[PDB]
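Novice: Before we start, here is the structure in question, set down as structure tokens.
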Amino acid sequence: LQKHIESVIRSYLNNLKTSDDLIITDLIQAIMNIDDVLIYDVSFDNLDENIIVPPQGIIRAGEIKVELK
Amino acid sequence: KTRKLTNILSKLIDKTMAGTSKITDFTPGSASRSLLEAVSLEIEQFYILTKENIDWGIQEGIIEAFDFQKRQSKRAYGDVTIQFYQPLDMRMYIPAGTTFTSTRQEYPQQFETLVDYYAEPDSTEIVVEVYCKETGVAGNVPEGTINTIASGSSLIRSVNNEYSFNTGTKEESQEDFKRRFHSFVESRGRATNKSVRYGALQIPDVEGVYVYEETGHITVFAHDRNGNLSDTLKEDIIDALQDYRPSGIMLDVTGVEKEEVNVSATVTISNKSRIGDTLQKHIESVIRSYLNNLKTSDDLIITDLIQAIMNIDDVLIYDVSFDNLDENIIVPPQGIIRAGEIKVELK
Amino acid sequence: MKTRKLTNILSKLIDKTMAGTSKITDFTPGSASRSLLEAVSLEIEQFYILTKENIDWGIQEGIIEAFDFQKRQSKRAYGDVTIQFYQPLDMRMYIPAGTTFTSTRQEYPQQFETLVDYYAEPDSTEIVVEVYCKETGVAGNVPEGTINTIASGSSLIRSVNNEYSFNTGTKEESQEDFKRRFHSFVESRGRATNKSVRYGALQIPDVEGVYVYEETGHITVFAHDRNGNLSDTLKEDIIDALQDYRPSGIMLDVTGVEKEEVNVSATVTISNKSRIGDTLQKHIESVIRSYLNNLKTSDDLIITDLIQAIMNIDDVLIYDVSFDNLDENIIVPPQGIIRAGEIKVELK
Amino acid sequence: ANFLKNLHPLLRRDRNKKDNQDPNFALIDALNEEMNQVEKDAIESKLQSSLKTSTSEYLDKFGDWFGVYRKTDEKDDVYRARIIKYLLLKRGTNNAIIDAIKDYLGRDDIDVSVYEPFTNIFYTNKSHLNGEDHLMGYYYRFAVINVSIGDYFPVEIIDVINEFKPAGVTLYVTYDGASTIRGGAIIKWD
Amino acid sequence: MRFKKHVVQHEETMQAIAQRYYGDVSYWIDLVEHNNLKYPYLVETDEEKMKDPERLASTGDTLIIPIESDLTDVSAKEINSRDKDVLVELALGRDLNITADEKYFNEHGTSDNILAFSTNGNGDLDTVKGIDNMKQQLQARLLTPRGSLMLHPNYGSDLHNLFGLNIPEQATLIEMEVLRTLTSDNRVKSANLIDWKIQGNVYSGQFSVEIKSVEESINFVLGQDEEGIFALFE
């Protein structure tokens with residue numbers, strides 16, 4: 001389950017194009033739509049606000065980690 | 001457990017030989033052996049009859065005493081009307097197996113009469129009984145379905161079923177029968193938290209019950225669909241639970257600790273032309289439905305609410321935020337969450 | 001089935017045969033017609049008998065099937081074993097489940113194993129671990145001092161010993177006990193009564209007997225296993241079963257019986273002194289163990305009853321009996337029980 | 001009753017015209033009578049395998065399985081009704097105790113009620129000072145009930161209540177002698 | 001798959017049926033279980049069946065016997081004469097009639113444009129079946145020159161070139177060519193000469209053709225039942 005969620009997060013981050021702003025709620029729904037029943041709640045330990053990407057910028061995945069509780 | 005044909009025949013022959021030596025020919029075709037074989041066959045058939053009766057009794061005899069009927073699979077049957085252009089000039093005869101059908105693709109079921117019928121000369125219209133050729137509910141055709149006879153005389157003006165067929169039934173499984181009987185037996189229980197909760201739940205307007213137990217006292221939390229507990233419903237619950245509570249124990253009824261959550265949301269949207277009142281009210285209605293759907297012990301997880309709001313539309317709804325909702329609102333088992341004042345701002 | 005008999009059936013057949021024709025009038029013994037009708041009537045009689053028996057059997061089967069009141073099967077023996085070390089431990093050694101325990105006493109070659117892991121703390125001198133017999137049935141009811149080997153091979157072990165004789169092992173349930181518990185079920189359909197609490201406590205198969213002690217606004221449920229113990233797991237299981245049956249709003253507590261362990265040392269004299277040996281001693285010890293373990297709750301030990309039980313083994317061979325540790329009868333309260341401790345016999 | 005059908009085909013099935021005393025027909029009809037009677041008994045035997053339709057001996061088997069035993073001159077219908085009722089006994093409440101009292105006694109019109117003294121515990125606020133309430137103690141206490149019976153009863157009725165009352169409740173019984181007075185209980189002087 | 005179906009006869013019994021089909025009465029309980037019958041398995045009349053139509057069968061009702069039946073390995077003596085006729089008709093095949101107007105293409109046998117389709121008089125295309133179909137096929141093969149038919153180099157005959165001298169050698173050549181042509185057909189079991197003569201310019205002959213017997217055609221069609229094609233691709 002950890003590896004699957006990490007793969008989903010990596011795919012979502014890498015699918016972002018240039019001038020695509022990261023929205024935390026979009027990532028939340030992407031994670032929760034894996035299984036709305038099985039997954040109960042999600043919380044991020046390093047992100048708190050949306051990231052604005054300029055026209056000449058882009059976001060790519062760094063180190064992805066997930067903790068199961 | 002039971003004898004069989006060969007054993008019965010062998011024992012009959014042995015007893016006959018023992019009784020007298022005047023008969024010694026027990027070969028095939030012998031009159032005595034044929035008689036004994038017929039008796040042995042009859043006795044084996046009676047043994048099978050007893051086995052069938054006991055097998056029925058094992059699985060229906062006890063429960064049948066408590067007014068519980070197992071639903072047997074049946075062929076749909078009912079009355080149909082046949083009309084003649086004029087009074088019959090002679091005695092008409094409809095043999096058994098005469099087929100009746102319907103001129104529709106919706107109902108390809110075929111019906112037939114299982115007995116012979118006779119229409120007197122004086123008659124002008126006669127009713128007969130027809131049985132569906134297939135067991136199950138498929139034969140439960142509605143009124144005005146059966147309207148054709150496949151072997152009828154030209155004197156018939158019309159055919160019609162006056163009422164819808166409802167006797168077709170599917171077989172009730174043994175486990176379901178046992179489950180009904182066990183449910184009844186459990187319902188006979190009294191003077192327990194389970195039995196009190198059950199008896200409270202049988203009331204029509206009660207949607208959820210939580211029983212909290214203390215030494216020498218019982219308190220019952222009940223709510224309706226709206227999370228409220230009317231005084232009339234409280235009195236009904238008390239009167240119903242007079243029969244249920246243990247002797248020498250105090251029982252009390254109280255309303256669930258309702259918590260109305262006010263949510264003010266700022267929804268970012270992509271299509272600025274589609275901004276309008278209708279979308280706002282739709283989102284508000286979705287939020288209200290989500291909040292009101294929560295049960296007694298369900299905690300309001302904000303991430304799931306965000307998921308639902310974003311799942312209203314995956315591309316149109318851009319982003320959401322709440323000022324009132326900062327952290328998940330945990331509630332106890334006896335505290336339900338309900339929808340309060342809701343506002344949505346389109347951005 | 002009206003329970004006809006052979007003579008009436010034969011008489012009816014002969015009477016109708018005579019009525020139907022005046023030619024047939026010879027129904028003496030050895031005649032063909034009498035033999036044929038006798039055989040037919042005998043087969044009918046056997047059919048009626050077997051039908052009655054089958055109906056009785058089917059009533060029992062329908063009772064079993066309707067309520068799903070399955071008959072209880074044979075129970076595997078279980079107990080506890082004491083283990084001692086040379087010195088207090090420093091490592092917190094780990095003992096996984098499946099650790100086999102055996103006995104060198106060839107009279108009882110049954111094997112035992114742990115179904116749960118255990119940990120021995122540092123600075124600990126001994127540990128008690130529960131074990132279960134691999135084989136089901138009575139064969140696991142070994143006497144005290146039987147188990148004396150552990151197959152784990154750990155060097156820290158000094159000695160192994162089971163301090164009490166096992167008794168939980170039993171064969172398949174009897175018909176009378178099954179009917180008794182069905183009566184208890186019927187009685188306990190009313191949940192909140194004393195009999196219903198007793199049934200709910202007895203709903204667990206491992207529980208042997210229960211005494212419900214009642215006070216004003218308080219209930220005490222004294223329960224014990226076949227060995228007279230009440231483990232914490234069994235206590236929790238009893239509580240969980242009693243949740244459905246106990247009355248609401250009344251305090252309830254589950255505690256073990258006041259078990260009393262009796263040690264018996266008997267000096268017995270034998271008339272035929274060639275019969276002296278290990279067999280007679282072991283047989284008498286087995287009889288004493290069986291008598292002590294068969295005592296129920298609230299059963300008072302009487303020394304004369306034990307005397308006659310020992311002497312009835314063989315009134316001629318056994319000459320006199322004397323006890324080196326018992327002198328007076330033991331009174332057991334309602335919530336107590338006696339179980340065998342260390343049984344020893346000296347042959348003279 | 002397929003004896004004639006499965007009989008040897010050459011054998012006659014009908015009494016011959018040439019002889020009214022045909023022994024063959026006599027023997028065949030005798031055997032056929034027994035075959036039909038056994039078939040009839042086997043058909044009727046289904047009633048004995050069901051608790052609803054059982055009768056004397058098999059009904060006694062059923063009641064012994066259920067632990068209910070037939071009384072003197074107790075017929076099948078009332079006996080099966082008693083078994084069914086015994087299975088379906090409510091227990092652990094005032095209504096069950098009242099029903100047990102009125103069943104054990106021979107009549108139902110008697111006045112019976114269960115008093116719960118913990119309702120009259122003196123609370124500080126709500127209870128009136130000189131009112132009906134009493135200070136809390138041993139008798140005015142929860143898990144206590146006093147049963148009033150307006151009819152003569154054996155002492156074994158207490159044991160009967162012990163079968164129905166919930167465990168952990170102290171029991172008291174009150175005999176109301178007013179209900180059992182012959183005729184009108186008001187005494188006259190003038 | 002296919003199974004036998006038995007109609008209940010007057011005063012029949014399940015034991016008699018089991019003996020008749022399975023060869024042993026023991027299978028009557030299996031027959032009961034498969035058909036789901038209650039104890040009075042075969043009632044006297046429909047009035048008794050009215051009590052329980054689902055679980056009871058009366059005289060004239062159809063029972064199912066689950067024995068795997070196969071139309072092949074069936075004795076041809078049981079087959080009705082009409083059934084035999086239909087079976088041989090299927091075996092010899094049905095084809096559109098083209099050999100109508102026998103006189104015209106008998107006057108011009110060697111030429112083309114000799115035969116044509118025809119109507120049956122009921123508005124539909126005419127058809128020839130059985131012996132008529134065989135006649136049509138054999139006439140068409142004899143009249144067709146060999147190698148002239150597209151997609152079939154061997155179909156036809158060489159009689160168009162055997163208009164030679166009036167001697168026994170050419171008569172033997174004609175006979176051999178005709179026998180080859182007739183043997184080319186798979187249905188023709190054999191052909192042989194009967195009689196021939198020469199009258200100067202005119203040659204005359206007649207032949208005997210033995211088609212596959214009724215037994216062989218019946219076996220072939222009933223074996224085709226396994227596939228369900230019921231068609232000829234010879």
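Identifiers in the structure tokens: chain A, B, ... in order shown; residue index from 1 per chain; ligand index from 1 in order shown.
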For stretch 24-37 of chain D, list every protein, DNA or RNA residue within 7 Å, evaluated using only C-alpha atoms, and leave out those in the same chain fewer than 3 positions away; present the list as a list in words.

Specialist: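 Counting only the stated atoms, we get residues 13, 16, 17, 20 and 21 of chain C; 1, 3, 14, 15, 40 and 41 of chain D.
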
Novice: Find the residues near residue B:252: any atom within 10 Å, counting only C-alpha atoms, skip ones fewer than 2 places away on the same chain, and give them as a PyMOL selection string.

Specialist: chain B and resi 217-221+234+237-238+241+250+254

Novice: Which chain C residues are at most 10 Å from chain B (counting only C-alpha atoms), as an NGL selection string?

Specialist: :C and (29-40 or 42-44 or 46-48 or 50-68 or 188-193 or 217-218 or 243-252)

Novice: Pick the closest to chain B from D:156, D:99, D:39, D:22: which is it, counting only C-alpha atoms?

Specialist: D:39

Novice: For residue A:18, list every protein, DNA or RNA residue within 7 Å, evaluated using only C-alpha atoms, and leave out those in the same chain fewer than 3 positions away; present the list as a list in words.

Specialist: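 Non-adjacent residues within range: residues 55, 56, 57 and 58 of chain A.
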
Novice: Would you output that residue set with N, CA and C atoms, as a PDB file, in the first residue's frame?

Specialist:
ATOM      1  N   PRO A  55       5.600  30.848 -15.594  1.00  0.00           N
ATOM      2  CA  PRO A  55       5.527  30.259 -16.943  1.00  0.00           C
ATOM      3  C   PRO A  55       6.740  29.429 -17.319  1.00  0.00           C
ATOM      4  N   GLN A  56       7.930  29.802 -16.845  1.00  0.00           N
ATOM      5  CA  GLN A  56       9.173  29.147 -17.228  1.00  0.00           C
ATOM      6  C   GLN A  56       9.624  28.098 -16.218  1.00  0.00           C
ATOM      7  N   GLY A  57       8.783  27.770 -15.235  1.00  0.00           N
ATOM      8  CA  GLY A  57       9.098  26.794 -14.218  1.00  0.00           C
ATOM      9  C   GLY A  57       8.316  25.504 -14.408  1.00  0.00           C
ATOM     10  N   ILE A  58       8.642  24.537 -13.556  1.00  0.00           N
ATOM     11  CA  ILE A  58       7.967  23.245 -13.566  1.00  0.00           C
ATOM     12  C   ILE A  58       8.259  22.558 -12.242  1.00  0.00           C
TER      13      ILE A  58
END

Novice: Name the residues of stretch 126-251 of chain C that fall into strand (DSSP E) according to DSSP on the backbone, using the chain letters and numbers of this document, as an MDAnalysis selection string.

Specialist: chainID C and resid 126:136 149:150 157:161 209:215 218:224 251

Novice: Mind dumping the selected residues with N, CA, C and O atoms as a compact mmCIF listing (two decimals), in the first residue's frame?

Specialist:
# COMPACT_ATOMS: atom_id res chain seq x y z
N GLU C 126 11.94 -18.58 37.40
CA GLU C 126 11.11 -19.63 36.82
C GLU C 126 10.00 -18.96 36.02
O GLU C 126 9.75 -17.77 36.16
N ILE C 127 9.35 -19.76 35.17
CA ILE C 127 8.25 -19.28 34.34
C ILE C 127 7.20 -20.37 34.28
O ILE C 127 7.53 -21.56 34.15
N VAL C 128 5.93 -19.97 34.26
CA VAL C 128 4.82 -20.89 34.05
C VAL C 128 4.29 -20.64 32.65
O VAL C 128 3.98 -19.49 32.30
N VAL C 129 4.19 -21.70 31.85
CA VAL C 129 3.74 -21.61 30.46
C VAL C 129 2.61 -22.61 30.25
O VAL C 129 2.72 -23.77 30.67
N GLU C 130 1.54 -22.17 29.61
CA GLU C 130 0.43 -23.06 29.30
C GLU C 130 0.75 -23.88 28.06
O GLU C 130 1.33 -23.37 27.10
N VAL C 131 0.38 -25.17 28.09
CA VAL C 131 0.64 -26.10 27.00
C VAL C 131 -0.63 -26.86 26.66
O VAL C 131 -1.54 -27.00 27.48
N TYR C 132 -0.67 -27.38 25.43
CA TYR C 132 -1.81 -28.13 24.92
C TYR C 132 -1.33 -29.46 24.36
O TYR C 132 -0.30 -29.52 23.69
N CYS C 133 -2.09 -30.52 24.64
CA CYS C 133 -1.75 -31.84 24.13
C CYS C 133 -1.98 -31.90 22.63
O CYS C 133 -3.00 -31.42 22.12
N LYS C 134 -1.02 -32.48 21.90
CA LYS C 134 -1.19 -32.61 20.46
C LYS C 134 -2.37 -33.51 20.12
O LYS C 134 -3.28 -33.08 19.40
N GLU C 135 -2.48 -34.65 20.79
CA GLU C 135 -3.54 -35.61 20.57
C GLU C 135 -4.78 -35.19 21.37
O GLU C 135 -4.66 -34.64 22.47
N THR C 136 -5.95 -35.42 20.79
CA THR C 136 -7.18 -35.11 21.51
C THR C 136 -7.58 -36.28 22.40
O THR C 136 -7.03 -37.38 22.31
N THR C 149 10.61 -33.03 30.18
CA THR C 149 11.54 -32.79 29.09
C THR C 149 11.02 -31.64 28.24
O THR C 149 9.81 -31.50 28.05
N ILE C 150 11.94 -30.82 27.75
CA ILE C 150 11.63 -29.74 26.82
C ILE C 150 12.49 -29.95 25.58
O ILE C 150 13.70 -30.20 25.70
N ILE C 157 17.88 -24.19 30.88
CA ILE C 157 16.84 -24.92 31.60
C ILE C 157 17.51 -25.82 32.63
O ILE C 157 18.44 -26.57 32.30
N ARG C 158 17.07 -25.72 33.88
CA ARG C 158 17.49 -26.63 34.93
C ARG C 158 16.62 -27.88 34.94
O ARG C 158 17.12 -29.00 34.81
N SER C 159 15.31 -27.70 35.09
CA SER C 159 14.39 -28.82 35.20
C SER C 159 13.02 -28.38 34.71
O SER C 159 12.69 -27.19 34.69
N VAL C 160 12.22 -29.37 34.30
CA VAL C 160 10.86 -29.16 33.82
C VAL C 160 9.94 -30.05 34.64
O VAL C 160 10.29 -31.19 34.96
N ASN C 161 8.76 -29.53 34.98
CA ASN C 161 7.82 -30.27 35.80
C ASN C 161 6.43 -29.65 35.65
O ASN C 161 6.29 -28.43 35.71
N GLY C 209 -17.89 -25.99 35.68
CA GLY C 209 -19.01 -25.70 36.56
C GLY C 209 -19.00 -24.25 36.98
O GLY C 209 -17.95 -23.60 37.01
N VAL C 210 -20.18 -23.74 37.31
CA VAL C 210 -20.38 -22.34 37.65
C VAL C 210 -21.29 -22.24 38.87
O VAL C 210 -22.33 -22.90 38.93
N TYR C 211 -20.92 -21.37 39.81
CA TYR C 211 -21.77 -21.04 40.95
C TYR C 211 -22.03 -19.54 40.94
O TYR C 211 -21.10 -18.74 41.10
N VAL C 212 -23.30 -19.16 40.77
CA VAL C 212 -23.70 -17.76 40.69
C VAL C 212 -24.06 -17.34 42.11
O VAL C 212 -25.05 -17.81 42.67
N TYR C 213 -23.20 -16.52 42.72
CA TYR C 213 -23.44 -15.97 44.04
C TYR C 213 -24.09 -14.60 43.87
O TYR C 213 -23.59 -13.76 43.12
N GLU C 214 -25.23 -14.40 44.53
CA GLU C 214 -26.11 -13.28 44.29
C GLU C 214 -26.17 -12.39 45.53
O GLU C 214 -26.30 -12.89 46.65
N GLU C 215 -26.08 -11.08 45.31
CA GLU C 215 -26.27 -10.07 46.34
C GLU C 215 -27.19 -8.98 45.80
O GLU C 215 -27.59 -8.99 44.63
N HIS C 218 -25.47 -6.70 43.11
CA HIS C 218 -24.16 -7.22 42.74
C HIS C 218 -24.29 -8.70 42.44
O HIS C 218 -24.96 -9.43 43.18
N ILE C 219 -23.56 -9.15 41.42
CA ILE C 219 -23.51 -10.55 41.02
C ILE C 219 -22.05 -10.97 41.00
O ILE C 219 -21.20 -10.25 40.45
N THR C 220 -21.77 -12.12 41.59
CA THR C 220 -20.46 -12.76 41.53
C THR C 220 -20.59 -14.12 40.87
O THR C 220 -21.39 -14.95 41.32
N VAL C 221 -19.81 -14.35 39.81
CA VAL C 221 -19.87 -15.58 39.03
C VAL C 221 -18.60 -16.37 39.30
O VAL C 221 -17.54 -16.07 38.73
N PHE C 222 -18.68 -17.36 40.18
CA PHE C 222 -17.54 -18.24 40.43
C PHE C 222 -17.51 -19.32 39.35
O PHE C 222 -18.45 -20.12 39.24
N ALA C 223 -16.43 -19.35 38.57
CA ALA C 223 -16.28 -20.30 37.47
C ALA C 223 -14.90 -20.93 37.52
O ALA C 223 -13.94 -20.34 38.03
N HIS C 224 -14.81 -22.15 36.99
CA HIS C 224 -13.57 -22.91 36.98
C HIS C 224 -13.55 -23.84 35.79
O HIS C 224 -14.59 -24.19 35.23
N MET C 251 -24.09 -4.68 38.70
CA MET C 251 -22.68 -4.99 38.65
C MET C 251 -22.45 -6.50 38.60
O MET C 251 -23.14 -7.27 39.27

Novice: What are the closest atom pairs, with distances in Å to one decimal, for all residues of chain B lying within 7 Å of chain A? Consider only C-alpha atoms, order rows by chain and residue number, and present the result as CSV.

Specialist:
residue,atom,partner,partner_atom,distance
B:301,CA,A:41,CA,6.8
B:303,CA,A:41,CA,6.4
B:306,CA,A:25,CA,7.0
B:307,CA,A:29,CA,4.7
B:310,CA,A:29,CA,6.9
B:319,CA,A:25,CA,6.4

Novice: Kindly save the residues from that selection, with C-alpha atoms included, as a compact mmCIF listing (two decimals), in the first residue's frame.

Specialist:
# COMPACT_ATOMS: atom_id res chain seq x y z
CA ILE B 301 -12.92 14.22 8.45
CA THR B 303 -10.10 15.72 3.88
CA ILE B 306 -12.58 18.21 0.32
CA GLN B 307 -12.53 14.98 -1.70
CA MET B 310 -13.54 18.27 -5.63
CA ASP B 319 -9.48 24.66 -5.22

Novice: Find the residues in chain E near chain D: any atom within 8 Å counts, using only C-alpha atoms. Write them as a PDB file with N, CA and C atoms, in the first residue's frame.

Specialist:
ATOM      1  N   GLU E  11     -51.213 -46.383 -16.156  1.00  0.00           N
ATOM      2  CA  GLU E  11     -50.869 -47.273 -15.042  1.00  0.00           C
ATOM      3  C   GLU E  11     -49.421 -47.759 -15.130  1.00  0.00           C
ATOM      4  N   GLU E  12     -48.518 -46.871 -15.547  1.00  0.00           N
ATOM      5  CA  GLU E  12     -47.100 -47.199 -15.567  1.00  0.00           C
ATOM      6  C   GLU E  12     -46.500 -46.950 -14.186  1.00  0.00           C
ATOM      7  N   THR E  13     -45.270 -47.438 -13.988  1.00  0.00           N
ATOM      8  CA  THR E  13     -44.558 -47.236 -12.731  1.00  0.00           C
ATOM      9  C   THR E  13     -43.118 -46.833 -13.014  1.00  0.00           C
TER      10      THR E  13
END

Novice: Hey, what's within 10 Å of residue A:66 if we count only C-alpha atoms and toss same-chain stuff fewer than 5 positions away? As a list in words, please?

Specialist: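 Counting only C-alpha atoms, the residues come to residues 1, 2, 3, 4, 5, 6, 9, 43, 44 and 45 of chain A.
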
Novice: Those same residues - N, CA and C atoms - I'd like them written as a tab-separated table (two decimals), in the first residue's frame.

Specialist:
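Writing the result to out_28.tsv gives the following:
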chain	number	residue	atom	x	y	z
A	1	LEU	N	0.82	-1.20	0.00
A	1	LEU	CA	0.00	0.00	0.00
A	1	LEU	C	0.86	1.26	0.00
A	2	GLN	N	1.94	1.25	0.78
A	2	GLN	CA	2.85	2.39	0.81
A	2	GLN	C	3.45	2.63	-0.56
A	3	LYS	N	3.93	1.56	-1.21
A	3	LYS	CA	4.55	1.71	-2.52
A	3	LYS	C	3.54	2.17	-3.56
A	4	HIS	N	2.30	1.67	-3.48
A	4	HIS	CA	1.27	2.09	-4.42
A	4	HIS	C	0.96	3.58	-4.27
A	5	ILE	N	0.81	4.05	-3.03
A	5	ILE	CA	0.51	5.46	-2.81
A	5	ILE	C	1.68	6.32	-3.28
A	6	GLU	N	2.91	5.89	-2.99
A	6	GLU	CA	4.08	6.62	-3.44
A	6	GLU	C	4.14	6.69	-4.96
A	9	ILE	N	1.61	9.27	-6.11
A	9	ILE	CA	2.09	10.63	-5.87
A	9	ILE	C	3.15	11.00	-6.89
A	43	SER	N	-2.52	13.46	5.94
A	43	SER	CA	-1.86	14.65	6.44
A	43	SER	C	-0.43	14.72	5.92
A	44	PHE	N	0.00	15.92	5.55
A	44	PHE	CA	1.31	16.15	4.95
A	44	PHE	C	2.24	16.75	6.00
A	45	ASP	N	3.45	16.20	6.12
A	45	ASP	CA	4.41	16.63	7.12
A	45	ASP	C	5.42	17.65	6.61

Novice: List every residue of stretch 105-282 of chain C that DSSP, applied to the backbone of this structure, places in helix (DSSP H, G or I), and write the result as a PyMOL selection string.

Specialist: chain C and resi 138-140+175-187+194-202+232-245+273-275+278-282

Novice: Hey, which of D:85, D:90, D:71, D:8 ends up closest to chain C? Count only C-alpha atoms.

Specialist: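 With only C-alpha atoms as the atom set, the closest residue is D:90.
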
Novice: Show me which bits of chain B are within 8 Å of chain E, counting only C-alpha atoms, as JSON, numbers by chain.

Specialist: {"B": [49, 74, 75, 114, 115]}

Novice: My list of candidates is B:314, B:284, B:345, B:89. Which is closest to residue B:122 when distances are computed with only C-alpha atoms?

Specialist: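 Ranking B:314, B:284, B:345, B:89 by distance to residue B:122, first place goes to B:89.
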
Novice: In Å, how far is it from atom CA of residue D:83 to atom CA of residue C:182?

Specialist: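 Those two atoms sit 14.3 Å apart.
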
Novice: Would you mind reading off the distance between atom CA of residue B:68 and atom CA of residue C:185, one decimal, in Å?

Specialist: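 Calculated distance between atom CA of residue B:68 and atom CA of residue C:185 is 21.1 Å.
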
Novice: For the atom pair atom CA of residue E:171 and atom CA of residue E:192, what is the interatomic distance in Å to one decimal place?

Specialist: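 So the two atoms, atom CA of residue E:171 and atom CA of residue E:192, lie 14.0 Å apart.
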